[PDB]
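Structural description and commentary
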Amino acid sequence: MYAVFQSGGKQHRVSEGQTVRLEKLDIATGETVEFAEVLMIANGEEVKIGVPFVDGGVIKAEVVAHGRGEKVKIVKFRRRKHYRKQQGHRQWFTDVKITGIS
Amino acid sequence: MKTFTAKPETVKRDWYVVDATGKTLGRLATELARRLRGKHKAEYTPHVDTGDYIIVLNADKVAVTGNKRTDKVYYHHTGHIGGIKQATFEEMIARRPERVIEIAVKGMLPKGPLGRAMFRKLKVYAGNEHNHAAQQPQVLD
Amino acid sequence: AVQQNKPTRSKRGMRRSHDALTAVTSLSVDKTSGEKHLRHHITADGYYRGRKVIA
Amino acid sequence: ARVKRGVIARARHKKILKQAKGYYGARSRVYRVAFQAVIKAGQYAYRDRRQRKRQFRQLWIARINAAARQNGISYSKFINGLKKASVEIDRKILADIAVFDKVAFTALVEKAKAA
Amino acid sequence: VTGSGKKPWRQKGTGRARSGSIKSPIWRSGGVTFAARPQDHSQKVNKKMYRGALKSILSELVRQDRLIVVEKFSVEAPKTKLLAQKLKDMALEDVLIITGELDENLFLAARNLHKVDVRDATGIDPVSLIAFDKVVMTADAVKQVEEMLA
Amino acid sequence: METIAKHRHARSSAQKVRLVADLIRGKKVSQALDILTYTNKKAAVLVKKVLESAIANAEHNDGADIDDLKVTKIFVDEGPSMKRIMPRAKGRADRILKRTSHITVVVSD
RNA sequence: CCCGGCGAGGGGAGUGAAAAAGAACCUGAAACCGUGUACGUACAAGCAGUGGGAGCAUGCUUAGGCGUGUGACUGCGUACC
RNA sequence: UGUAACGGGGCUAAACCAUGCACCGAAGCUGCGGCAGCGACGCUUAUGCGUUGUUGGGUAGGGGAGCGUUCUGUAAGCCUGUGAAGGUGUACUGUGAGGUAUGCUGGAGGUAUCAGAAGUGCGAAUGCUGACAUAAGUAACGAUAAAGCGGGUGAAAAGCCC
Ligand SMILES: [Mg+2]
Ligand SMILES: [Mg+2]
Ligand SMILES: [Mg+2]
Ligand SMILES: [Mg+2]
Ligand SMILES: [Mg+2]
Ligand SMILES: [Mg+2]
Ligand SMILES: [Mg+2]
Ligand SMILES: [Mg+2]
Ligand SMILES: [Mg+2]
Ligand SMILES: [Mg+2]
Ligand SMILES: [Mg+2]
Ligand SMILES: [Mg+2]
Ligand SMILES: [Mg+2]
Ligand SMILES: [Mg+2]
Ligand SMILES: [Mg+2]
Ligand SMILES: [Mg+2]
Ligand SMILES: [Mg+2]
Ligand SMILES: [Mg+2]
Ligand SMILES: [Mg+2]
Ligand SMILES: [Mg+2]
Ligand SMILES: [Mg+2]
Ligand SMILES: [Mg+2]
Ligand SMILES: [Mg+2]
Ligand SMILES: [Mg+2]
Ligand SMILES: [Mg+2]
Ligand SMILES: [Mg+2]
Ligand SMILES: [Mg+2]
Ligand SMILES: [Mg+2]
Ligand SMILES: [Mg+2]
Ligand SMILES: [Mg+2]
Ligand SMILES: [Mg+2]
Ligand SMILES: [Mg+2]
Ligand SMILES: [Mg+2]
Ligand SMILES: [Mg+2]
Ligand SMILES: [Mg+2]
Ligand SMILES: [Mg+2]
Ligand SMILES: [Mg+2]
Ligand SMILES: [Mg+2]
Ligand SMILES: [Mg+2]
Ligand SMILES: [Mg+2]
Ligand SMILES: [Mg+2]
Ligand SMILES: [Mg+2]
Ligand SMILES: [Mg+2]
Ligand SMILES: [Mg+2]
Ligand SMILES: [Mg+2]
Ligand SMILES: [Mg+2]
Ligand SMILES: [Mg+2]
Ligand SMILES: [Mg+2]
Ligand SMILES: [Mg+2]
Ligand SMILES: [Mg+2]
Ligand SMILES: [Mg+2]
Ligand SMILES: [Mg+2]
Ligand SMILES: [Mg+2]
Ligand SMILES: [Mg+2]
Ligand SMILES: [Mg+2]
Ligand SMILES: [Mg+2]
Ligand SMILES: [Mg+2]
Ligand SMILES: [Mg+2]
Ligand SMILES: [Mg+2]
Ligand SMILES: [Mg+2]
Ligand SMILES: [Mg+2]
Ligand SMILES: [Mg+2]
Ligand SMILES: [Mg+2]
Ligand SMILES: [Mg+2]
Ligand SMILES: [Mg+2]
Ligand SMILES: [Mg+2]
Ligand SMILES: [Mg+2]
Ligand SMILES: [Mg+2]
Ligand SMILES: [Mg+2]
Ligand SMILES: [Mg+2]
Ligand SMILES: [Mg+2]
Ligand SMILES: [Mg+2]
Ligand SMILES: [Mg+2]
Ligand SMILES: [Mg+2]
Ligand SMILES: [Mg+2]
Ligand SMILES: [Mg+2]
Ligand SMILES: [Mg+2]
Ligand SMILES: [Mg+2]
Ligand SMILES: [Mg+2]
Ligand SMILES: [Mg+2]
Ligand SMILES: [Mg+2]
Ligand SMILES: [Mg+2]
Ligand SMILES: [Mg+2]
Ligand SMILES: [Mg+2]
Ligand SMILES: [Mg+2]
Ligand SMILES: [Mg+2]
Ligand SMILES: [Mg+2]
Ligand SMILES: [Mg+2]
Ligand SMILES: [Mg+2]
Ligand SMILES: [Mg+2]
Ligand SMILES: [Mg+2]
Ligand SMILES: [Mg+2]
Ligand SMILES: [Mg+2]
Ligand SMILES: [Mg+2]
Ligand SMILES: [Mg+2]
Ligand SMILES: [Mg+2]
Ligand SMILES: [Mg+2]
Ligand SMILES: [Mg+2]
Ligand SMILES: [Mg+2]
Ligand SMILES: [Mg+2]
Ligand SMILES: [Mg+2]
Ligand SMILES: [Mg+2]
Ligand SMILES: [Mg+2]
Ligand SMILES: [Mg+2]
Ligand SMILES: [Mg+2]
Ligand SMILES: [Mg+2]
Ligand SMILES: [Mg+2]
Ligand SMILES: [Mg+2]
Ligand SMILES: [Mg+2]
Ligand SMILES: [Mg+2]
Ligand SMILES: [Mg+2]
Ligand SMILES: [Mg+2]
Ligand SMILES: [Mg+2]
Ligand SMILES: [Mg+2]
Ligand SMILES: [Mg+2]
Ligand SMILES: [Mg+2]
Ligand SMILES: [Mg+2]
Ligand SMILES: [Mg+2]
Ligand SMILES: [Mg+2]
Ligand SMILES: [Mg+2]
Ligand SMILES: [Mg+2]
Ligand SMILES: [Mg+2]
Ligand SMILES: [Mg+2]
Ligand SMILES: [Mg+2]
Ligand SMILES: [Mg+2]
Ligand SMILES: [Mg+2]
Ligand SMILES: [Mg+2]
Ligand SMILES: [Mg+2]
Ligand SMILES: [Mg+2]
Ligand SMILES: [Mg+2]
Ligand SMILES: [Mg+2]
Ligand SMILES: [Mg+2]
Ligand SMILES: [Mg+2]
Ligand SMILES: [Mg+2]
Ligand SMILES: [Mg+2]
Ligand SMILES: [Mg+2]
Ligand SMILES: [Mg+2]
Ligand SMILES: [Mg+2]
Ligand SMILES: [Mg+2]
Ligand SMILES: [Mg+2]
Ligand SMILES: [Mg+2]
Ligand SMILES: [Mg+2]
Ligand SMILES: [Mg+2]
Ligand SMILES: [Mg+2]
Ligand SMILES: [Mg+2]
Ligand SMILES: [Mg+2]
Ligand SMILES: [Mg+2]
Ligand SMILES: [Mg+2]
Ligand SMILES: [Mg+2]
Ligand SMILES: [Mg+2]
Ligand SMILES: [Mg+2]
Ligand SMILES: [Mg+2]
Ligand SMILES: [Mg+2]
Ligand SMILES: [Mg+2]
Ligand SMILES: [Mg+2]
Ligand SMILES: [Mg+2]
Ligand SMILES: [Mg+2]
Ligand SMILES: [Mg+2]
Ligand SMILES: [Mg+2]
Ligand SMILES: [Mg+2]
Ligand SMILES: [Mg+2]
Ligand SMILES: [Mg+2]
Ligand SMILES: [Mg+2]
């Protein structure tokens, strides 16, 4: 059932049904996305690739949310040299629910 | 998305036997330390003792190249005022033939609670008989 | 003489682990009167082993 | 206009002592000690976002190297085998496949054996 | 500060921080480093800037319609009750009643009224003209202010 | 019922009194009252009087019954210390803290 | 009223809107010292954290898990001025 | 002081010389997000961008733009016993100084916005005052002239009275 695909410059081993958090997409809150960047499809027989990507495999998904992650604090500090620095960071994400491993 | 880690309770550990008759000490000791650590297993987690129980029998017959039978020295301090003891590879086998493999493996294991935990796995023996027939320990090479 | 740097709550406690004093848990009973007292000691009223030996 | 600074300072110290929650001894109790712990924690946190990406790669590579040698190929030859077959699958997933679906994994080692 | 110039303890020898005075501002109950002196915060304003500002603000009252120009504005007798009652018809509350001929009757009758203020045409101010929600100028007062600002 | 009694400003440090209080904790009142008779300490007399208070306290005001009563919570908090000057050799002065303790006992069932 | 030495101190009862407003009396922080609950902790070496992470305990929506507390084991890591 | 002159185990190849493809390997380079500085720029419009390059380690130090505090004006306004400030928790939120809402405590003050003025921000100064730790229930209890027992009084007696 599970299939592998590349999205936000990284790959996800994903099953049909489950939600996946991935890097922000230029897509509306409740639209839909088709990944034709599918790397692998597993089942009884495994459809692996001797080229980049499969052939006619397309992962269809639905966008769930468009949130921001947990606030990471960044602390730079040079011991004894009168230098420190503070900086927060909340990374943007897009949760997607998978609805079709072809 | 949180990659797999071996959970101790779920770890199914296996039993093995290795005849060390005519084996090179270090090249044996390495392959032992690789197994005891559990590197060969595809569910290897560095913070968990995933490795297998090994029974090394005929430890006294272990081979060493060159002049290391006489020349290789095993130093140790007694923790005393000037108490540095030494013992050559012959002298070591004459007295305590188990220590030879023990020491060679222990050096190649990691240093800490888990490193000591994965040494407990190793079972060395001078003779050919072992009393762990109860585990059905399979033959390894 | 003199500490290099101050010990903790933890060590102070660790040291005090033996300071906990033990109870008696071994009170006697006088045969006649039935008054509690320490073993081999007289009672408050003035008994020992079921016989008055004190005014 | 005199400015008492008891309300603001308290709010500054209390903020840091909240980050130091959990630390041993003075490091959780005492601003002057906690403030160091909280900066150091920041420094280690900053460095460990870099080391997390390293550690996990080693972890995956070990898993892949383990799972490959069960099928009779070393890591070094396997990855070249996959690169030469233009397979784009990463360590993170090869390591995921290695643990979960070995019957699948075997096909990648065969796919690598071709090259 | 009151107190002696004497060193509380000597320079060296005692394992203590060198002090020179009880009155030092790092010590308690003595000092304040940069103690304030009574000072004059009045700052110069150029005649032309003051006039220019009045000309600026007084012209914005015409755009905003706060400026209610009128003919003769005067109470009958020195009574607040009448002044308060006549502002109901005029539909005013918070006001600056500028007058050329300053009537004592009108003055006295707006002293107790908080939101009303009765300045003379000569004594208009920058802050006052802005502060009050409406400004009632007498035709004579407009004529005096016109000549004053010029 | 819980029924508190407590000696406030008890002239003895916490650390000393607290040593006795650790004997009696979750023990039956009749058993606890015995111990402090044969505990050779000043603090035992001081802690007893509070317990012996707490029992009468409990039986008169609220709960009644002496047989079913346990010392559920006993604790000793440090009270106000009184500062006093101890003169030492070579002209120097120390400060002896005459310490006090707040002893509380709770006698529930 | 009650315990105590017709003490200190307390528990009641009462007054008050309130008495952890009861005279050591508005608020009542922090250091510091305790009592009780959860987890860890008696073969393990070091700035005591930090990335990883099992278990256990709780809160939740449950027929997935996600918070919270703890943190066994493990990579890195010699305070501030 | 202890092997102590491969970092260790250990190695006759796991050393060296030569060549050959592999792979690992950094915050380097690429991938996908996000922010900001300067230069262009289509010419939008006095700006942000279809955009587009490029940069963004930093002590002394120079230049920019802000947060917060007490006070004055806006304010005899607005929020507040249907619970202010303060204290103490929790949950959101901003790139940061921070901000917002609310539980408990508290029991009466608080103050938007945009301006104005500063006793305007503390971890260090063998800083100054108060409080509280540590060593520690440790040393010590002040002349080695000496106590003992019976009775009294008392809640209690080695010490008080006889
Ligand atoms: Mg900061
Ligand atoms: Mg290491
Ligand atoms: Mg030192
Ligand atoms: Mg203790
Ligand atoms: Mg002791
Ligand atoms: Mg003030
Ligand atoms: Mg504070
Ligand atoms: Mg501060
Ligand atoms: Mg606090
Ligand atoms: Mg914590
Ligand atoms: Mg923790
Ligand atoms: Mg604190
Ligand atoms: Mg705390
Ligand atoms: Mg706390
Ligand atoms: Mg990586
Ligand atoms: Mg003076
Ligand atoms: Mg002088
Ligand atoms: Mg002089
Ligand atoms: Mg000194
Ligand atoms: Mg000092
Ligand atoms: Mg004074
Ligand atoms: Mg003064
Ligand atoms: Mg000052
Ligand atoms: Mg000053
Ligand atoms: Mg001036
Ligand atoms: Mg000036
Ligand atoms: Mg002039
Ligand atoms: Mg005049
Ligand atoms: Mg007004
Ligand atoms: Mg007293
Ligand atoms: Mg005592
Ligand atoms: Mg009652
Ligand atoms: Mg105290
Ligand atoms: Mg004395
Ligand atoms: Mg003396
Ligand atoms: Mg002197
Ligand atoms: Mg003297
Ligand atoms: Mg009595
Ligand atoms: Mg008396
Ligand atoms: Mg009485
Ligand atoms: Mg009395
Ligand atoms: Mg009395
Ligand atoms: Mg009384
Ligand atoms: Mg009384
Ligand atoms: Mg009283
Ligand atoms: Mg009382
Ligand atoms: Mg009461
Ligand atoms: Mg009452
Ligand atoms: Mg009442
Ligand atoms: Mg009442
Ligand atoms: Mg009422
Ligand atoms: Mg109140
Ligand atoms: Mg109240
Ligand atoms: Mg109440
Ligand atoms: Mg009441
Ligand atoms: Mg009450
Ligand atoms: Mg009460
Ligand atoms: Mg009450
Ligand atoms: Mg209260
Ligand atoms: Mg009370
Ligand atoms: Mg209350
Ligand atoms: Mg109150
Ligand atoms: Mg008072
Ligand atoms: Mg007090
Ligand atoms: Mg109080
Ligand atoms: Mg008051
Ligand atoms: Mg009041
Ligand atoms: Mg109070
Ligand atoms: Mg408190
Ligand atoms: Mg407190
Ligand atoms: Mg504390
Ligand atoms: Mg404490
Ligand atoms: Mg445990
Ligand atoms: Mg436990
Ligand atoms: Mg255990
Ligand atoms: Mg051992
Ligand atoms: Mg253990
Ligand atoms: Mg240690
Ligand atoms: Mg170390
Ligand atoms: Mg930690
Ligand atoms: Mg952590
Ligand atoms: Mg972590
Ligand atoms: Mg877990
Ligand atoms: Mg559980
Ligand atoms: Mg942890
Ligand atoms: Mg263990
Ligand atoms: Mg570690
Ligand atoms: Mg280190
Ligand atoms: Mg260093
Ligand atoms: Mg030496
Ligand atoms: Mg030597
Ligand atoms: Mg060496
Ligand atoms: Mg040498
Ligand atoms: Mg030498
Ligand atoms: Mg080496
Ligand atoms: Mg060596
Ligand atoms: Mg090496
Ligand atoms: Mg090599
Ligand atoms: Mg190559
Ligand atoms: Mg990298
Ligand atoms: Mg990068
Ligand atoms: Mg880069
Ligand atoms: Mg984009
Ligand atoms: Mg980018
Ligand atoms: Mg270029
Ligand atoms: Mg730049
Ligand atoms: Mg640069
Ligand atoms: Mg820079
Ligand atoms: Mg500004
Ligand atoms: Mg500001
Ligand atoms: Mg501000
Ligand atoms: Mg603000
Ligand atoms: Mg404020
Ligand atoms: Mg104001
Ligand atoms: Mg206004
Ligand atoms: Mg208004
Ligand atoms: Mg209103
Ligand atoms: Mg209103
Ligand atoms: Mg209201
Ligand atoms: Mg009320
Ligand atoms: Mg109401
Ligand atoms: Mg309301
Ligand atoms: Mg105020
Ligand atoms: Mg507040
Ligand atoms: Mg607060
Ligand atoms: Mg409070
Ligand atoms: Mg609230
Ligand atoms: Mg209330
Ligand atoms: Mg009031
Ligand atoms: Mg008032
Ligand atoms: Mg204001
Ligand atoms: Mg401003
Ligand atoms: Mg301002
Ligand atoms: Mg000022
Ligand atoms: Mg200042
Ligand atoms: Mg400072
Ligand atoms: Mg301070
Ligand atoms: Mg600071
Ligand atoms: Mg500083
Ligand atoms: Mg100081
Ligand atoms: Mg200081
Ligand atoms: Mg000692
Ligand atoms: Mg001692
Ligand atoms: Mg001693
Ligand atoms: Mg002594
Ligand atoms: Mg002496
Ligand atoms: Mg003596
Ligand atoms: Mg004496
Ligand atoms: Mg003498
Ligand atoms: Mg004498
Ligand atoms: Mg004597
Ligand atoms: Mg005598
Ligand atoms: Mg006698
Ligand atoms: Mg007598
Ligand atoms: Mg008698
Ligand atoms: Mg008597
Ligand atoms: Mg009498
Ligand atoms: Mg009595
Ligand atoms: Mg007494
Ligand atoms: Mg006598
Ligand atoms: Mg005597
Ligand atoms: Mg005498
Ligand atoms: Mg006599």
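Further remarks concern the nonpolar core. Judged by nonpolar contacts, the single largest core of 44 residues is most densely connected at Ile 59 of chain A together with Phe 78, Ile 89, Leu 94, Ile 97 and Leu 108 of chain D. What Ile 89 of chain D contacts, discounting residues up to four positions off in sequence, is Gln 11, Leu 39 and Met 40 of chain A together with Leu 94 and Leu 108 of chain D. Within the second largest apolar cluster, 29 residues are counted, among which are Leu 32, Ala 59, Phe 89 and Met 92 of chain B.

Our focus in this paragraph is the interface of chain F and chain C. Facing seven residues of chain F, the contacting portion of chain C comprises 10 residues. Buried surface at the junction of chain F and chain C, both sides included, amounts to about 840 Å², of which 69% is carbon and sulfur. Linking chain F with chain C are one salt bridge, by the criterion used here. The salt bridge involving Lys 36 of chain C is made with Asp 34 of chain F; its shortest N-O contact spans 3.8 Å. For the pair chain F and chain C, the number of links is two residue pairs in polar contact. The residue makeup of the side of chain F that touches chain C, split by class, is three nonpolar, two polar and two charged.

What follows deals with the protein's contact with RNA strand H. By nearness alone, 85 residues border RNA strand H, and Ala 104 of chain B, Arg 5, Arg 57 and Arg 91 of chain D together with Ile 26 of chain E come closest of all. Considering RNA strand H, the proportion of its atoms within 4 Å of the protein that are sugar or phosphate atoms stands at 68%. For RNA strand H, a phosphate oxygen lies 2.9 Å from a polar atom in the side chain of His 13 of chain D. The separation between a base nitrogen of RNA strand H and a polar side-chain atom of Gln 36 of chain D is 3.1 Å. Among the secondary structure elements, those contributing two or more residues to the surface near RNA strand H are β8 (83–89) of chain A, α1 (25–37) and α4 (97–108) of chain B, α1 (9–16) of chain C, α1 (6–19), α3 (31–70) and α4 (75–84) of chain D together with α1 (14–21) of chain F. Ranked by residues supplied to the surface near RNA strand H, first place goes to α3 of chain D with nine residues. Here the surface near RNA strand H is built from residues that sort into 25 nonpolar, 24 polar and 36 charged.

Another point: the environment of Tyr 2 of chain A. In this fold, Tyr 2 of chain A is placed in the segment before β1 (3–6). For the pair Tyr 2 of chain A and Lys 48 of chain A, spaced 46 residues apart in sequence, the C-alpha to C-alpha distance is 12 Å. Once residues lying within four places of it in the same chain are set aside, the contact partners of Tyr 2 of chain A are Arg 13, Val 14, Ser 15, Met 40, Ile 41 and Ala 42 of chain A together with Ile 97, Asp 101 and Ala 104 of chain D.

Surrounding RNA strand G, one finds 50 residues, the nearest of these being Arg 79 of chain A, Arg 9 and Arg 12 of chain C together with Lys 40 and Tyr 44 of chain D. When atoms of RNA strand G within 4 Å of the protein are sorted by moiety, sugar and phosphate together comprise 79%. Note that a sugar or linking oxygen of RNA strand G is positioned 2.7 Å from one of the backbone N or O atoms of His 47 of chain B. Here a sugar or linking oxygen of RNA strand G and a side-chain polar atom of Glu 78 of chain F are 3.2 Å apart. If you list the elements that add at least two residues to the surface near RNA strand G, you get α5 (113–120) of chain B, α1 of chain C, α2 (26–29) and α3 of chain D together with β1 (4–10), α3 (42–62) and β2 (70–78) of chain F.

This paragraph deals with the side chain of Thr 104 of chain F. Position of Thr 104 of chain F among the secondary structure elements: in strand β5 (residues 101–108). Not counting residues up to four positions away in its chain, the partners in contact with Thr 104 of chain F are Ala 5, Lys 6, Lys 73, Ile 74 and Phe 75 of chain F.

Residue and element names in this part refer to chain E. Along the chain, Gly 100 falls in the loop between β2 (95–98) and α3 (104–108). In the structure, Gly 100 is positioned 38 residues away from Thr 138 in sequence and 6.9 Å away in space, judged by C-alpha atoms. Not counting chain neighbours up to four residues away, the residues in contact with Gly 100 comprise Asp 120, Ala 121, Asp 140, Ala 141 and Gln 144.

Thresholds, definitions, all that
- Residues numbered from 1 in each chain as written, not as in the entry; some residues may be left out.
- Chains lettered and ligands numbered in written order.
- Part of a larger assembly, values for the part shown.
- Heavy atoms only, no water.
- Core = buried A, V, L, I, M, F, W, Y, C linked by side-chain atoms within 4.5 Å.
- Buried < 20%, exposed > 50% of the residue type's maximum accessible area, 1.4 Å probe, protein only.
- Contact = heavy atoms within 4.5 Å.
- Buried area = accessible area lost by both parts, 1.4 Å probe.
- Salt bridge = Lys/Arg side-chain N within 4 Å of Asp/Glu carboxyl O.
- Polar contact = N/O pair within 3.5 Å; in protein donor to acceptor, adjacent residues only side chain to side chain.
- Nonpolar A, V, L, I, M, F, W, Y, C, P; charged D, E, K, R; others polar.
- Near = heavy atom within 4 Å.
- Helix = DSSP H or I, 4+ residues; strand = E, 2+ residues; numbered from the N terminus.

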